[PDB]
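Participant: If you scroll down you'll find the structure; I have some questions about it.
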Amino acid sequence: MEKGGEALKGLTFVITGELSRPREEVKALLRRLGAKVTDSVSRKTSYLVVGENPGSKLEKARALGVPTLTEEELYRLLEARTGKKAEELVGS
């Protein structure tokens, strides 16, 4: 009876321009995860998904004070909540 519904919701994720990779695919699953996402910074944001390495996110992902959100946590609760591979392929 307890559906819970609290994977990683209540958090926002912003993508610096494009992070240097497909930010629409990961964002298409983020919304499905209940959590919200953005692509700008004014104050209420200050949350970015660190996926790539040399991604353009190096600006908000490095942040000399701003807080960045590890995309790993998003990748965890995603599978830990989806119960299936996020790629839907690869193998085993």
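In the structure tokens, each chain is lettered A, B, ... as it comes, each chain's residues begin at 1, and ligands are numbered from 1 in order of appearance.
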Mind checking DSSP for chain A and telling me the strand (DSSP E) residues as a list in words?

Facilitator: residues 12, 13, 14, 36, 37, 38, 49, 50, 69 and 70 of chain A

Participant: Please write the residues from the selection above to a file, keeping N, CA and C atoms, as an mmCIF file, in the first residue's frame.

Facilitator:
```cif
data_model
loop_
_atom_site.group_PDB
_atom_site.id
_atom_site.type_symbol
_atom_site.label_atom_id
_atom_site.label_comp_id
_atom_site.auth_asym_id
_atom_site.auth_seq_id
_atom_site.Cartn_x
_atom_site.Cartn_y
_atom_site.Cartn_z
ATOM 1 N N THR A 12 16.409 19.745 -8.158
ATOM 2 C CA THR A 12 16.408 20.335 -9.526
ATOM 3 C C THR A 12 17.767 20.072 -10.176
ATOM 4 N N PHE A 13 17.790 19.856 -11.466
ATOM 5 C CA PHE A 13 19.085 19.589 -12.159
ATOM 6 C C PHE A 13 19.205 20.500 -13.388
ATOM 7 N N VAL A 14 20.285 21.235 -13.482
ATOM 8 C CA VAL A 14 20.481 22.152 -14.649
ATOM 9 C C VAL A 14 21.619 21.632 -15.529
ATOM 10 N N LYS A 36 12.644 17.708 -11.073
ATOM 11 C CA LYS A 36 12.537 18.763 -12.124
ATOM 12 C C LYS A 36 13.933 19.101 -12.652
ATOM 13 N N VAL A 37 14.010 19.794 -13.761
ATOM 14 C CA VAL A 37 15.342 20.153 -14.332
ATOM 15 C C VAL A 37 15.294 21.575 -14.898
ATOM 16 N N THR A 38 16.434 22.136 -15.209
ATOM 17 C CA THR A 38 16.468 23.522 -15.760
ATOM 18 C C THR A 38 17.671 23.673 -16.698
ATOM 19 N N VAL A 49 23.687 18.538 -13.168
ATOM 20 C CA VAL A 49 23.973 17.072 -13.213
ATOM 21 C C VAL A 49 25.354 16.861 -13.835
ATOM 22 N N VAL A 50 26.307 16.411 -13.061
ATOM 23 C CA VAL A 50 27.677 16.198 -13.613
ATOM 24 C C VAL A 50 27.739 14.839 -14.318
ATOM 25 N N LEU A 69 25.297 19.187 -8.426
ATOM 26 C CA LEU A 69 24.677 17.896 -8.007
ATOM 27 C C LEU A 69 25.285 16.742 -8.808
ATOM 28 N N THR A 70 25.910 15.812 -8.140
ATOM 29 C CA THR A 70 26.522 14.655 -8.855
ATOM 30 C C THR A 70 25.446 13.927 -9.665
#
```

Participant: What's the 10 Å shell around residue 21 of chain A, counting only C-alpha atoms, without same-chain residues fewer than 3 positions away, as a ChimeraX atom specification?

Facilitator: /A:17-18,24-26,51-52,55-56

Participant: With only C-alpha atoms as the atoms that count, which of A:88, A:72, A:79, A:59 lies nearest to residue 32 of chain A?

Facilitator: A:79

Participant: Skip residue 16 of chain A itself and residues of its chain fewer than 3 positions away, then list as a list in words all residues within 7 Å of it, counting only C-alpha atoms.

Facilitator: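 Returned residues: residues 19, 39, 56, 57 and 60 of chain A.
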
Participant: Write a file of the selected residues as a PDB file, in the first residue's frame, keeping C-alpha atoms.

Facilitator:
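Done, and the output landed in out08.pdb:
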```pdb
ATOM      1  CA  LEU A  19      27.272  19.414 -20.881  1.00  0.00           C
ATOM      2  CA  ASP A  39      19.117  25.112 -18.018  1.00  0.00           C
ATOM      3  CA  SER A  56      30.971  22.516 -20.695  1.00  0.00           C
ATOM      4  CA  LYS A  57      29.532  21.981 -17.196  1.00  0.00           C
ATOM      5  CA  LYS A  60      28.916  25.253 -12.989  1.00  0.00           C
TER       6      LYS A  60
END
```

Participant: I'd like the neighbourhood of residue 68 of chain A as a ChimeraX atom specification, where a residue qualifies if any of its atoms comes within 6 Å (using only C-alpha atoms), though same-chain residues fewer than 4 positions away should be ignored.

Facilitator: /A:47-48,61

Participant: Let me make sure I understand: among A:28, A:7, A:15, A:66, which one has the smallest atom-to-atom distance to residue 83 of chain A if we use only C-alpha atoms?

Facilitator: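 Looking at the shortest contact to residue 83 of chain A, the residue is A:7.
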
Participant: Just give me the gap between atom CA of residue 46 of chain A and atom CA of residue 87 of chain A in Å, one decimal is fine.

Facilitator: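 That distance, rounded to one decimal, is 27.5 Å.
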
Participant: Apply DSSP to the backbone of this structure and, from chain A, keep only the residues in helix (DSSP H, G or I); write these as a PyMOL selection string.

Facilitator: chain A and resi 23-32+58-62+71-82

Participant: Keeping only N, CA, C and O atoms, take the residues you just selected and write them out as a CSV table (one decimal), in the first residue's frame.

Facilitator:
```
chain,number,residue,atom,x,y,z
A,23,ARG,N,22.0,15.9,-23.6
A,23,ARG,CA,21.4,16.4,-22.3
A,23,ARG,C,19.8,16.2,-22.4
A,23,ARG,O,19.1,16.3,-21.4
A,24,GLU,N,19.3,15.9,-23.6
A,24,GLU,CA,17.8,15.7,-23.7
A,24,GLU,C,17.5,14.3,-23.3
A,24,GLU,O,16.5,14.1,-22.7
A,25,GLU,N,18.3,13.4,-23.7
A,25,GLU,CA,17.9,11.9,-23.3
A,25,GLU,C,17.9,11.8,-21.8
A,25,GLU,O,16.9,11.5,-21.2
A,26,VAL,N,19.0,12.2,-21.1
A,26,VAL,CA,19.1,12.1,-19.6
A,26,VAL,C,18.0,13.0,-19.0
A,26,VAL,O,17.4,12.6,-18.0
A,27,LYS,N,17.7,14.1,-19.6
A,27,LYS,CA,16.6,15.0,-19.1
A,27,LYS,C,15.2,14.3,-19.3
A,27,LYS,O,14.3,14.5,-18.6
A,28,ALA,N,15.1,13.6,-20.4
A,28,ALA,CA,13.8,12.9,-20.7
A,28,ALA,C,13.5,11.9,-19.6
A,28,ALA,O,12.3,11.6,-19.3
A,29,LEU,N,14.5,11.3,-19.0
A,29,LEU,CA,14.3,10.3,-18.0
A,29,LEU,C,14.2,11.1,-16.6
A,29,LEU,O,13.5,10.6,-15.7
A,30,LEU,N,14.9,12.2,-16.5
A,30,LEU,CA,14.9,12.9,-15.2
A,30,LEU,C,13.4,13.3,-14.9
A,30,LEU,O,12.9,13.0,-13.8
A,31,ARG,N,12.7,13.9,-15.8
A,31,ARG,CA,11.3,14.3,-15.6
A,31,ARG,C,10.5,13.1,-15.2
A,31,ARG,O,9.7,13.1,-14.3
A,32,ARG,N,10.8,12.0,-15.9
A,32,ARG,CA,10.1,10.7,-15.6
A,32,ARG,C,10.4,10.4,-14.1
A,32,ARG,O,9.5,9.8,-13.4
A,58,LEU,N,31.9,22.2,-16.8
A,58,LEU,CA,33.1,22.6,-16.0
A,58,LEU,C,32.9,24.0,-15.3
A,58,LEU,O,33.5,24.3,-14.3
A,59,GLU,N,32.1,24.8,-15.9
A,59,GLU,CA,31.8,26.1,-15.4
A,59,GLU,C,31.0,26.0,-14.1
A,59,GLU,O,31.4,26.4,-13.0
A,60,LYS,N,29.8,25.4,-14.2
A,60,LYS,CA,28.9,25.3,-13.0
A,60,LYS,C,29.3,24.0,-12.2
A,60,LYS,O,29.1,23.9,-11.1
A,61,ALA,N,29.8,23.0,-12.9
A,61,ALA,CA,30.2,21.7,-12.3
A,61,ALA,C,31.4,21.9,-11.4
A,61,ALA,O,31.6,21.3,-10.3
A,62,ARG,N,32.3,22.8,-11.7
A,62,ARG,CA,33.5,23.1,-10.8
A,62,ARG,C,33.1,24.1,-9.7
A,62,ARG,O,33.4,23.9,-8.6
A,71,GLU,N,25.7,13.7,-10.9
A,71,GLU,CA,24.7,13.0,-11.8
A,71,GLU,C,24.6,11.5,-11.3
A,71,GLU,O,23.7,10.8,-11.5
A,72,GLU,N,25.7,11.1,-10.7
A,72,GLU,CA,25.7,9.6,-10.2
A,72,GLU,C,24.5,9.4,-9.4
A,72,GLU,O,23.7,8.4,-9.6
A,73,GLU,N,24.3,10.2,-8.4
A,73,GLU,CA,23.1,10.0,-7.5
A,73,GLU,C,21.8,9.9,-8.3
A,73,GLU,O,21.0,9.1,-8.1
A,74,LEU,N,21.7,10.7,-9.4
A,74,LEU,CA,20.6,10.7,-10.3
A,74,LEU,C,20.6,9.3,-11.0
A,74,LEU,O,19.5,8.7,-11.2
A,75,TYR,N,21.7,8.8,-11.4
A,75,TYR,CA,21.8,7.5,-12.1
A,75,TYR,C,21.4,6.4,-11.1
A,75,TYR,O,20.9,5.4,-11.5
A,76,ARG,N,21.7,6.6,-9.9
A,76,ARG,CA,21.4,5.5,-8.9
A,76,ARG,C,19.9,5.4,-8.7
A,76,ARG,O,19.3,4.5,-9.2
A,77,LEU,N,19.3,6.3,-7.9
A,77,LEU,CA,17.9,6.3,-7.7
A,77,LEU,C,17.1,6.0,-9.0
A,77,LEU,O,16.0,5.5,-8.9
A,78,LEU,N,17.7,6.4,-10.1
A,78,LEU,CA,16.9,6.1,-11.4
A,78,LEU,C,16.8,4.6,-11.5
A,78,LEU,O,15.7,4.1,-11.5
A,79,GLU,N,17.9,3.9,-11.7
A,79,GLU,CA,17.8,2.4,-11.8
A,79,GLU,C,17.1,1.9,-10.5
A,79,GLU,O,16.2,1.1,-10.6
A,80,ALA,N,17.6,2.2,-9.4
A,80,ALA,CA,17.0,1.8,-8.1
A,80,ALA,C,15.5,2.1,-8.0
A,80,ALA,O,14.8,1.5,-7.1
A,81,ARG,N,15.0,2.8,-8.9
A,81,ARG,CA,13.6,3.1,-8.9
A,81,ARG,C,12.9,2.6,-10.2
A,81,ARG,O,11.8,2.1,-10.2
A,82,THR,N,13.7,2.6,-11.3
A,82,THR,CA,13.2,2.1,-12.6
A,82,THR,C,13.1,0.5,-12.5
A,82,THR,O,12.1,-0.1,-12.8
```

Participant: In Å, with one decimal, what is the gap from atom CA of residue 42 of chain A to atom CA of residue 9 of chain A?

Facilitator: 20.8 Å
